[PDB]
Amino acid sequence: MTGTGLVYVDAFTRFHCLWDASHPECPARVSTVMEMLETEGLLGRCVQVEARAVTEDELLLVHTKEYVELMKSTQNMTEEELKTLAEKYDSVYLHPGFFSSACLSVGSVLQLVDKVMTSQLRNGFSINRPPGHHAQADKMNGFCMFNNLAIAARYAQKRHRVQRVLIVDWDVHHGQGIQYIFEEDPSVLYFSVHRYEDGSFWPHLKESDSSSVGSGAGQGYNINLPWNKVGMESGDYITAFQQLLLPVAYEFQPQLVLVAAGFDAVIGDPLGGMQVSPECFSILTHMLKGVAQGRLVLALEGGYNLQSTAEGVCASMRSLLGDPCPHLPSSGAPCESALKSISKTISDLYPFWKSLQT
């Protein structure tokens, strides 16, 4: 059970925003990542895995046949028809090749799920766009068309008999799509740390607060860690993982870990406003390898500084390949605002996880 998978196809670069040449979700995001992985010698050390289109059967695991057909109906629309449909969604652009690339974006994750759950690879990383963690059952959202990881979690449960999936969302934006799809599901534990600022940061939702601990059977299986001050650094995330996610992770005992690996919380991102060094994601990735026998699959979400995102992917890739953890320039001590958000989240999840009762 050795090797690290890497999935990248040029179709990820064959769709862009037609009415805005400076849109941050651009093909240069994934192309700059591949360049740095090659120049740093990391790309050659990975087992290249080919992608595949997601079937209508797999897409229907979280979406509706109506919405899937409308998204399929977008490849034959004109630009005026793409723009009038996109305007019906929140923060979304469309393109005749968008739907095609989105299908390869979803299947790229499932390809790694196959190889990892069959012990052919130890872990994997898909360098894919469009992102996915905002896509919902019958609508696009936040540059996403289809929910890559939410599909992959249900796919692994059905195709590979997995009972417990852990989804770690370290993107700077709350993945409200994944939270909605699994709001009552106790078999898919969704953790999200994100910028919130009491709701003044997009998507400006109260459901992104720590008090949305899931409902019904999934009561306690949705953990939101909302930041409320910008400038969070590596010590805030390390403390967050060590005192909140990892204790709940070992108690949950998942058989597969899927990471919404966005990098808009890295230094210099135009949107995240956070101060996390890229080397920190070598530490966060390393922590996640002690869970689920290291069955770890990462998929690109956000990250819009071309240099910051590529550095984050590279730092994550070094941990996947087993390279030594890096020296972190930032202080391992968290800030007071982070401890307040960590404390409040521990309180909202205290009655559901014995590892937090302290």
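Numbering starts at 1 and runs along the sequence shown.
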| field | Coordinates lacking for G332, a third or more of other entries | value | yes
Higher of the two mean Cα B-factors (275 to 283, 95 to 103; per PDB record) comes from 95 to 103
Higher avg CA temperature factor (286 to 294 vs 51 to 59, as deposited) belongs to 51 to 59
Listed options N305, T32, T39, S319: highest C-alpha B factor recorded at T39
Max C-alpha B-factor within the set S126, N222, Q111, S73 falls on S73
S192: CA temperature factor from the record, placed by chain third, in the lowest
Tertile call for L85 (CA temperature factor, within chain, third-based) is the highest
For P326, the third of its chain by CA B-factor is the middle
Temperature factor at the Cα of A217, chain-ranked in thirds, falls in the highest
The third of the chain into which the C-alpha temperature factor of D269 falls is the lowest
